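Following: one structure in structure tokens, then a few remarks.
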Amino acid sequence: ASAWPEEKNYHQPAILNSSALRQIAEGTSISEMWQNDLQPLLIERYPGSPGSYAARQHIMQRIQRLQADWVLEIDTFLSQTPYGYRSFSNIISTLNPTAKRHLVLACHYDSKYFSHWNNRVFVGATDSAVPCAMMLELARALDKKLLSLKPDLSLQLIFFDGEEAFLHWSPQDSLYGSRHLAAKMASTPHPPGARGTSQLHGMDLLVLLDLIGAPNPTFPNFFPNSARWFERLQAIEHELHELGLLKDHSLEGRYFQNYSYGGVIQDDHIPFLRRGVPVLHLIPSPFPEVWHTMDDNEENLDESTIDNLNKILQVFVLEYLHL
Amino acid sequence: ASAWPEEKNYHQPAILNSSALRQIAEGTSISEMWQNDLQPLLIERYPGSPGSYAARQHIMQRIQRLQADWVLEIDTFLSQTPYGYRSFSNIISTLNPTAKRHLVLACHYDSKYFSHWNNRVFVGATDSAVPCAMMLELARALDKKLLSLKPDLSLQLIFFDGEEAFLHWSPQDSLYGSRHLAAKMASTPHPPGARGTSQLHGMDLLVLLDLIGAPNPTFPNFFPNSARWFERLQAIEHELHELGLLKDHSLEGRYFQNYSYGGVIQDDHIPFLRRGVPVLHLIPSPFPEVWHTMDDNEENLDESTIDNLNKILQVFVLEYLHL
Amino acid sequence: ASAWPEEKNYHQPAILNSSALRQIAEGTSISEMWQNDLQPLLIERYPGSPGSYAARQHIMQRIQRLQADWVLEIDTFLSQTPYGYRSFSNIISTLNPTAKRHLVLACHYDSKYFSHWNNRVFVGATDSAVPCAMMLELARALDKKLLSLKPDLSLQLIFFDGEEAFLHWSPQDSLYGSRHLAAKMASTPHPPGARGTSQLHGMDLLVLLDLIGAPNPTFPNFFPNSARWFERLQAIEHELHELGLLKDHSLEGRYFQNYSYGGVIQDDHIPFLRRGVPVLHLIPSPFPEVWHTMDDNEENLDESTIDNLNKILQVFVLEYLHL
Amino acid sequence: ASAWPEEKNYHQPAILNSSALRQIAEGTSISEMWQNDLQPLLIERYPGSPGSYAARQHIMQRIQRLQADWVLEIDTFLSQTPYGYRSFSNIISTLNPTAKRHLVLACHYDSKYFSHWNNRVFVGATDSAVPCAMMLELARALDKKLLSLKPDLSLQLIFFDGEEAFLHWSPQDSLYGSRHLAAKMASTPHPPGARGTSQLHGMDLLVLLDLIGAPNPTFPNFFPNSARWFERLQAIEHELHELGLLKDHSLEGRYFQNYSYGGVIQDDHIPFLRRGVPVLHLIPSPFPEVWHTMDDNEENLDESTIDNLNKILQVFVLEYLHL
Amino acid sequence: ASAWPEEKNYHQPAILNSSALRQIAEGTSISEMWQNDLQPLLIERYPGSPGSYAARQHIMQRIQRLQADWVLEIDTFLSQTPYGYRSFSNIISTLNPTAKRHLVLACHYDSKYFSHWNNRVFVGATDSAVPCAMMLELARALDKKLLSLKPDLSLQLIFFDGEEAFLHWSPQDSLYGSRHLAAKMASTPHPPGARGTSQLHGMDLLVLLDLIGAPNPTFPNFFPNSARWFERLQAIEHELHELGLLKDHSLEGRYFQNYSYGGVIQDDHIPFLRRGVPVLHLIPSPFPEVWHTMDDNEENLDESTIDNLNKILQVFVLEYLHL
Ligand SMILES: CC(=O)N1CC[C@@H](Oc2cccc3c2/C(=C/c2ccc4[nH]cnc4c2)C(=O)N3)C1
Ligand SMILES: CC(=O)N1CC[C@@H](Oc2cccc3c2/C(=C/c2ccc4[nH]cnc4c2)C(=O)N3)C1
Ligand SMILES: CC(=O)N1CC[C@@H](Oc2cccc3c2/C(=C/c2ccc4[nH]cnc4c2)C(=O)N3)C1
Ligand SMILES: CC(=O)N1CC[C@@H](Oc2cccc3c2/C(=C/c2ccc4[nH]cnc4c2)C(=O)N3)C1
Ligand SMILES: CC(=O)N1CC[C@@H](Oc2cccc3c2/C(=C/c2ccc4[nH]cnc4c2)C(=O)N3)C1
Ligand SMILES: CC(=O)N1CC[C@@H](Oc2cccc3c2/C(=C/c2ccc4[nH]cnc4c2)C(=O)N3)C1
């Protein structure tokens, strides 16, 4: 158990400049996101459905066609549920799997099982297709900058499956994808041949996106081992603003407002947190008004707020990686 | 059973008049403390390190040298960890071991474990060297009125070991010391020969200090079985200020604000709280900015604040103990 | 990682010579042990009642009066049961506490509780009065041979409390005493100051006696890590017979029969097995006839078999201890 | 607490003389059982199937036509399974339910789910349709005597649903009906209005029949708390053969041989045994050659064996109840 | 669900003729085993020792040079131990991975970690160096016959790691390598693409070889869904004797004898058994004399007992696989 797993604790960012930041804002397109990356996912897609495979497919296509060398794996597994053994599949996409340290972005790509009602279907526009698209669009924008990876640090995306409960929310029935992936990663030497260090050691920070796409989001600072990273998002939000690069956005309505949170949301991060992974949980409090209703559709998304979180996060992420 | 162990539920304090308030203030020296109590604790001191031992025996010499008849104990023990079985030594110092009831104050004397970075070392000034000292200095400062214990009630201190995770925070890898001492008290009869009542029945209240020493702390009222004692820590801070006995202090920066908390903090009280001991958790929210970084050093400690908290705590203990 | 613990897997007895075997046979007096070692125990002695103390006392009075330097310990403690919390008191007797390693002979000194039926009172002469006696006597016998101890190893007795169950044999309501103590020793550095060796690594072997004193008994060989000590006991029952020291004893009616068993029996050894100590369980299969019936008394004990084990024992010991 | 829950270990059988033993043998018809109680049960009857329903009703019509005052009780419940929730229905037949104590005879009436193989259906003839019919036959053979039940003791028959696994014998896929009903009685005050005693304290003994029907069975002795009672079946087996009342039976090929066993057999007793119930577990070791094969049909039964066991059992039972 | 998971209750062997039974017995070489399959492996090889790697290296090399199209999987995982986190590596040799069902043979290729005592090093000869060799020979003896495999069924060999506890046998310390793969398998759908079936379904029977090399072993029949398959061992044994193709072989001391065991030995099957797999636990009972003692070496092995089992075994496998 060397010392590299503690570098995370001293990692510091490579702050960008007004000129770079300008380049970053102009290099992301919320409309190409909307059509190419997000509209394909707005379909029923609970675990094991045909939706799950169409969306699982859409995702890999969008990643497969970019220049950076993304090592997609599919992590199909079996688990009991209240309706019996079902088959889930997580999507992991790694740059430099051999890099010892990674920064991770993660969301969930299942949609909650619901029966149809008045012939509408639940599709989870904010829970969590926008997150999925955000991530996909971030690899698409930052592609040329992400070739530069050929500090030992790289980037992983993760699209978890079975996040949502099948029937009735509880530890036995939720977060099926993650730990799984947690427990699996916890028990896989890293780097290879390592002897005491798991892939979780190498997880520098896990940025979980969830419930994004409604208007007027407020993200809290949930955890102390990541507060400094949360503060970098505050600073980025503020700068992109002062340079004029955010859209319909005022500071009296920031997204990253410093406000500690009492309790804990259960979400895919809990399997990695209770293994001492640092988590930046970008889930808003309060949830959207359209949470878990058939109105979590596209009509009710805010394109401005997503373009904005996209700029911020893209920036966050290149400064993390010293790119 | 008996009726003695509900007495905690009715205990009123013996409130001090202005004139004693001024003596108590006069009577604690933050400069003494800093030099004689705290500075020696500012070393790398994790469980089973030499620092640990250094730190451990020092505590005891500061209690040994006082005139009150404190009864040290080293409850040394062994426990499994992510790096093997290791050894841990609590420290307990009681007045009147047979006194049925006891006001207990506690903190933690270990330091998290960190590799050395840029030749820098983690010493944990807030976490929890200062609270260790504050407790020493309380007993120095109060020695003479404590001697008055030759309501069957006396005073206990506890310096827990192993609070901190070795690798990654988790109910398996944390709170070693208290989880041990909690079970061991749940399992010890008291007073000797009683047949249905344990030491934990005679913890009237557990006052736990943690992460104290930084500028501008704010302490929530975490529990309701202990709220009314928080209200007393509030009426004490008030009156000591309204009398010009606090330094660099304004009421628009109170330490104890009547804000309740949502979630919960894992700390060395958990094992006593889910066993029905009342807790006054004096941990601030938010945490110090320097928490679990190398900057948690002496340079970054607010001496004015600590001195102010020394006075509040010393008053509290006396009005509880009817001294 | 020193290696003191593995010595127990290399330890070979100082097999005795027939001459010696005679003496030992002549040294134990089934009518003294009946006289005083045991008839005091034949009382109603469930944990907590008057009987329990008396018996506790009796046990001590009798070890105290032997010239070997026996260190006694009461380990009183509290635990939850189906009638509430109640108080229990183990009994540990050691020579050379420091004697890093140890051979341990355990039995249980309580009596199951029962109401008074017909006007009869349970007493558990086989469960486990006799095993107690048999250990006392073993002391009173080999006394002079023990004194030798001022490879380093010595002999500890143990007389667990509340093995029996207050209501329903259920893991929650049984073995109060061993369950406790195995946790306790499983967390106690041994020797003083060790950093990774608990008092259980110091148990070379545990010999537990239970349900002894009824006629024609058989003792299976349940545990591989301890056969070889079983074997030693076949031989020590063999030789001693073929030399006529054994009264009323035929080799078709052996005690230590070739006869592996399959399942486990739940007894005070479970706490110490789980954690990986070696055990020689001398409980018979099947149980005595009078089992948990008011007929478990003296009436029904066969003076001859007892003495005839009481002897195979006192040997086996001495052969363990190279004495 | 009260004293009556302890009656079960002092309770003695009223032995039957040579003439009463005839009157029991002469009192059951293996052919009336075969045709009227057992052939109706030789259908596919996994839980929820149409056979489960047909069986339930047969068992209740057979018991309804008897003169004695049976109380039937369909305790229908829901429980997770490897295919989702499925309903199960246990059948409980009870004499004098106020009666505080009860000897309890039980089997299972489901069949294991299989998929047709060779155009063959599993009907489980030993597993356990024959035990079911044994209990209806006794109910009949012994009616007039049971009708005497207008010590405080009576009898109950219990037919479990879903004993067997749906997919893989595993703690969570098995014993659906007895894990349930155990748990239920464990928490039903009995007698009514009581305050510390559960229906399970009323279980004097649980005689569980299972896997009966093949030829040449050997039943081992499983539980020291019931060996006295397994001895009483050995005796009955002996006497009935001494008197000529058993057919095709050699004291060589006895059924109740006193060869104790080692490990446990998972079956509808586990739920009741681990909650401290005394159990007589009539299940052969080894298991019929035809076990969980399609060949476990009526062709490979043995009429003489069942009739011989029918006569033992009825006798034991009657002796238990003093009739 | 499908039907093939059931195909295992219905499988029967392709029994061999006396003429064929002769070829096999000649087709094995007990010597070109010893010098080329077994000697390489008698080395300190506790998990992670440079022996482990050699062993793992050796095994692979040997299977690799065979004609059959075996697919080796090294499944290196990480797990917690009483010395911290160590890196295990299971060996998984398979024919026709797709082969939905598989008959599996398995042993454990680790050696228990012992210090060095009087300069002697524990190589475990019967535990389980020999087993692996048996398995390796077996695939060198039948290689030609296995090629036949390009009813849907083939062969898999599993050499576990980490069977042996590191300190003191216990749930948490033991079977590192099979606990882990059992679960890895219970959650991998099989065959690819499946929706509700786990690679453990595809496990027809697990034959576990453990503790094989002493003279005069007595293998009991532990489990009944395998008993039928145990009886195929008796009949092969018997038969190969009636033509004395064996050696030093009696019938007064055959290996597989009609003597059920009581309970269970903990070994690498538990993890599979408790998910309802079928096990042929070819572990003798009682264990060898040289068990967990430094004399489990090449000098207390019985060349002849092994060449025989090697023949019994090898046959059985052809009869299972209709070759
Ligand atoms: C304030 C808040 O929002 N939360 C939720 C997370 C939890 O704290 C942690 C989160 C991540 C890593 C952590 C800890 C944590 C908690 C903690 C609590 C008390 C402490 N006293 C001294 N160091 C101490 C450390 C620790 O040791 N490592 C409290
Ligand atoms: C507004 C707020 O602050 N909170 C705390 C957690 C959450 O808890 C719930 C409470 C009751 C029923 C629930 C859930 C809940 C939580 C949840 C958390 C994260 C999610 N991401 C996508 N769907 C997700 C669902 C869920 O699915 N069903 C609400
Ligand atoms: C509001 C809040 O912030 N919290 C956190 C602590 C928790 O409550 C307790 C803390 C300490 C001792 C306690 C209880 C507590 C809680 C409780 C909750 C609901 C109740 N309804 C009626 N009595 C009731 C009692 C209780 O009974 N004993 C509620
Ligand atoms: C399958 C098997 O081998 N066993 C052991 C006996 C039986 O255990 C019981 C079952 C039901 C009620 C029981 C007990 C039981 C066992 C027991 C074990 C050790 C004892 N030492 C002294 N009395 C003692 C009593 C007891 O006290 N009450 C299961
Ligand atoms: C050590 C020993 O004697 N054992 C091991 C467990 C036990 O039985 C099994 C072993 C492996 C798989 C099994 C079952 C098993 C047992 C069982 C017991 C009672 C039954 N009554 C009807 N079908 C019934 C099925 C079952 O369904 N699947 C025998
Ligand atoms: C089945 C049973 O009743 N028992 C009682 C003792 C226990 O065996 C042990 C006791 C102490 C330390 C031990 C082991 C033990 C047992 C065991 C079982 C299978 C084995 N195969 C190879 N070594 C193997 C070792 C082991 O590996 N380390 C087995």
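By convention here, the chains of the structure tokens are called A, B, ... in the order presented, each chain's residues are numbered starting at 1, and ligands are numbered starting at 1 in the order presented.
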Report task. Using only C-alpha atoms, find which residues of chain D lie within 7 Å of chain C and jot them down as a ChimeraX atom specification. Result -> /D:3,224,261-264,274-276
Report task. Would you mind listing what lies within 9 Å of residue 11 in chain E as a PyMOL selection string, with only C-alpha atoms counted and same-chain residues fewer than 3 positions away left out? Result -> chain E and resi 7-8+320
What's the 12 Å shell around residue 29 in chain D, counting only C-alpha atoms, without same-chain residues fewer than 4 positions away, as a CSV table (one decimal) with C-alpha atoms, in the first residue's frame?
```csv
chain,number,residue,atom,x,y,z
D,24,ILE,CA,-54.5,-49.8,18.7
D,25,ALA,CA,-53.0,-52.0,16.1
D,33,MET,CA,-55.7,-44.6,4.5
D,34,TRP,CA,-54.4,-45.7,1.1
D,35,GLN,CA,-57.6,-45.2,-0.8
D,36,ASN,CA,-59.3,-42.4,1.0
D,37,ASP,CA,-56.6,-40.2,2.6
D,133,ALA,CA,-52.0,-39.4,5.2
D,134,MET,CA,-50.5,-40.8,8.2
D,136,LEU,CA,-55.3,-38.0,8.7
D,137,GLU,CA,-55.4,-41.7,9.4
D,138,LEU,CA,-54.4,-41.2,13.0
D,140,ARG,CA,-59.5,-41.2,12.3
D,141,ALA,CA,-58.1,-44.2,14.0
D,142,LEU,CA,-58.0,-42.3,17.2
D,303,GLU,CA,-47.5,-50.7,2.7
D,304,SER,CA,-46.1,-52.7,5.4
D,306,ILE,CA,-46.4,-47.4,6.7
D,307,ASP,CA,-48.7,-49.5,8.5
D,308,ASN,CA,-46.1,-50.4,11.1
D,310,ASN,CA,-48.8,-45.9,11.7
D,311,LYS,CA,-49.2,-48.2,14.7
```
Mind dumping a table of every chain B residue within 6 Å of ligand 1, with the nearest atom pair and its distance in Å to one decimal, using only C-alpha atoms and all ligand atoms, sorted by chain and rising number, as a tab-separated table?
```
residue	atom	partner	partner_atom_place_in_ligand_line	distance
B:127	CA	ligand 1	22 (C)	5.0
B:164	CA	ligand 1	27 (O)	5.8
B:169	CA	ligand 1	28 (N)	5.0
B:210	CA	ligand 1	21 (N)	5.8
B:265	CA	ligand 1	29 (C)	5.0
B:266	CA	ligand 1	18 (C)	5.2
B:267	CA	ligand 1	19 (C)	4.8
```
Please save N, CA, C and O atoms of the selected residues as a PDB file, in the first residue's frame.
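Ended up saving to out03.pdb:
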```
ATOM      1  N   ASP B 127      -8.351  18.382  16.209  1.00  0.00           N
ATOM      2  CA  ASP B 127      -8.897  17.156  16.023  1.00  0.00           C
ATOM      3  C   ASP B 127      -7.933  16.206  16.608  1.00  0.00           C
ATOM      4  O   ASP B 127      -7.263  15.542  15.912  1.00  0.00           O
ATOM      5  N   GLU B 164     -10.222   7.690  14.950  1.00  0.00           N
ATOM      6  CA  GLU B 164     -10.083   7.936  13.548  1.00  0.00           C
ATOM      7  C   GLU B 164      -9.912   6.665  12.778  1.00  0.00           C
ATOM      8  O   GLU B 164      -9.334   5.714  13.249  1.00  0.00           O
ATOM      9  N   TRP B 169     -13.095   5.768   6.566  1.00  0.00           N
ATOM     10  CA  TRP B 169     -14.214   5.960   7.471  1.00  0.00           C
ATOM     11  C   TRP B 169     -15.241   4.906   7.253  1.00  0.00           C
ATOM     12  O   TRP B 169     -15.613   4.671   6.127  1.00  0.00           O
ATOM     13  N   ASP B 210     -15.048  17.788  20.251  1.00  0.00           N
ATOM     14  CA  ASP B 210     -14.403  17.392  19.041  1.00  0.00           C
ATOM     15  C   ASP B 210     -14.390  18.591  18.138  1.00  0.00           C
ATOM     16  O   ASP B 210     -15.242  19.458  18.238  1.00  0.00           O
ATOM     17  N   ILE B 265     -23.725  13.164  12.931  1.00  0.00           N
ATOM     18  CA  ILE B 265     -22.271  13.095  12.806  1.00  0.00           C
ATOM     19  C   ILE B 265     -21.823  11.784  13.445  1.00  0.00           C
ATOM     20  O   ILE B 265     -22.272  11.454  14.542  1.00  0.00           O
ATOM     21  N   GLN B 266     -20.994  11.008  12.769  1.00  0.00           N
ATOM     22  CA  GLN B 266     -20.403   9.868  13.444  1.00  0.00           C
ATOM     23  C   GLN B 266     -19.213  10.325  14.295  1.00  0.00           C
ATOM     24  O   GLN B 266     -18.280  10.967  13.834  1.00  0.00           O
ATOM     25  N   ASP B 267     -19.238  10.031  15.556  1.00  0.00           N
ATOM     26  CA  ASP B 267     -18.100  10.425  16.365  1.00  0.00           C
ATOM     27  C   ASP B 267     -18.114   9.495  17.559  1.00  0.00           C
ATOM     28  O   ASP B 267     -18.985   8.646  17.665  1.00  0.00           O
TER      29      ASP B 267
END
```
Query raised in the report: Neighbours of residue 229 in chain D within 10 Å (only C-alpha atoms; same-chain residues fewer than 6 positions away dropped), as number ranges by chain?
Result: D: 12-13, 205, 221, 223, 235, 279-280, 316, 320
Keeping only N, CA, C and O atoms, write the selected residues as a compact mmCIF listing (two decimals), in the first residue's frame.
```txt
# COMPACT_ATOMS: atom_id res chain seq x y z
N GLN D 12 -44.72 -37.54 31.86
CA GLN D 12 -44.43 -38.93 31.64
C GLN D 12 -45.54 -39.54 30.79
O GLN D 12 -46.68 -39.10 30.85
N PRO D 13 -45.21 -40.53 29.99
CA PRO D 13 -46.22 -41.31 29.28
C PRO D 13 -46.97 -42.26 30.17
O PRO D 13 -46.44 -42.82 31.09
N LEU D 205 -44.15 -30.83 22.23
CA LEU D 205 -43.21 -31.54 21.39
C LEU D 205 -43.71 -31.42 19.97
O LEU D 205 -44.90 -31.32 19.74
N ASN D 221 -31.51 -40.87 16.18
CA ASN D 221 -31.87 -40.03 17.31
C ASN D 221 -31.21 -38.67 17.20
O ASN D 221 -29.98 -38.60 17.13
N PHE D 223 -32.07 -35.31 18.90
CA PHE D 223 -32.09 -34.22 19.86
C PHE D 223 -32.14 -34.71 21.30
O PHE D 223 -33.17 -35.26 21.75
N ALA D 235 -39.18 -48.66 22.14
CA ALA D 235 -39.87 -49.58 22.97
C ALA D 235 -41.15 -50.09 22.33
O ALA D 235 -41.42 -51.30 22.29
N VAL D 279 -38.02 -31.18 19.68
CA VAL D 279 -38.43 -31.72 18.41
C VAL D 279 -38.11 -33.20 18.37
O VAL D 279 -37.03 -33.62 18.80
N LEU D 280 -39.10 -34.01 17.92
CA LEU D 280 -38.93 -35.38 17.49
C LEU D 280 -38.95 -35.39 15.99
O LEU D 280 -39.97 -35.16 15.39
N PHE D 316 -47.57 -44.14 20.60
CA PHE D 316 -46.86 -43.00 21.16
C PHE D 316 -47.81 -41.89 21.44
O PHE D 316 -48.13 -41.62 22.57
N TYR D 320 -48.47 -40.41 24.97
CA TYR D 320 -48.27 -38.99 25.28
C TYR D 320 -49.51 -38.38 25.92
O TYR D 320 -49.44 -37.79 26.99
```
